[PDB]
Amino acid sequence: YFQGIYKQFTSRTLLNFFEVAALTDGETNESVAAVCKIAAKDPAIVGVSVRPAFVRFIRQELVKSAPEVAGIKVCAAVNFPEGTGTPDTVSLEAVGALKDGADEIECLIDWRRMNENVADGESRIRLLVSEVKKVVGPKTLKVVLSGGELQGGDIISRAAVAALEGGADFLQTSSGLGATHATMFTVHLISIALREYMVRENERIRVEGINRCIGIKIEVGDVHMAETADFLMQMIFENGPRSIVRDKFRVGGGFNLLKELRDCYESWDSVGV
């Protein structure tokens, strides 16, 4: 009688934290518009991630024919796709994106510098993230660690810590463009790094009586809903049910996954209400 209810509930839940990527080089106003309409369909997902080139299109032109797109956040991807910018150049990409109407910024780290020399890599991350955060202000800055490109768990952990020290509001597992995406292993390392950092942060605030919310974005790429649900379970186990809130958790995925989530959710029989 209630066939499919578990998958339907899971889909509804994932929609609530979903951020769809429209970041390839081949993107056009047409492809981007198609993604934004499905993202903004009631109930709207959290937002869409695009390269700076499509921010004004969504915020100023698309909204004329598709008013609902004003209801989703636009996250601009800076320092993409190789993470080879300088703090100044990346900060300027951010300035332009925010001016065009971006609500959030996702910034890739120079993962190559991390792999050649960890100490220097950490220094570069702190500088990059701090300068970008200065221009982003109170808006959300997600730092993409590119876990799959980092060589070793120690490096991933160090990159996470450096990003936090630089002022990241969110730690994002992968870019959405790369060959590798989240793995249970990488999510685990990121969770531990964040948890340990917050323990130290909260201990200081408590003992000194001083009185930011830091999230984890699991980028799954083009996997299906089943695997995505497994990550959702990992987040709950590692970080608790209270971490499953928009200011602390996001799920990044592709357009096909978004369509799968909507098709699943829409199959729930709502005739009773």
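In this text, residue numbers run from 1 along the sequence as written.
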Here the number of deposited-sequence residues unresolved in the coordinates between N211 and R212 is 4 to 9
What stretch has the higher average Cα B-factor here, 98-106 or 175-183? 175-183
Going by the B-factors listed in the PDB entry, is the mean over the C-alpha atoms higher for 110-118 or for 188-196? 110-118
Using only the C-alpha B-factors in the record, can you name which of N29, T228, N239, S49 has the highest? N29
Highest Cα temperature factor in the entry, among the options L232, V69, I216, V220: which one is it? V69
Ordered by C-alpha B-factor within the chain, which third holds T89? Give me lowest, middle or highest, please. middle
Please say which third, lowest, middle or highest, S123 falls into when its CA temperature factor is compared across its chain. middle
Among the modelled residues of its chain, does the C-alpha B-factor of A22 lie in the lowest, middle or highest third? middle
Which third of the chain does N79 land in by C-alpha B-factor: lowest, middle or highest? lowest
Please say which third, lowest, middle or highest, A34 falls into when its CA temperature factor is compared across its chain. highest
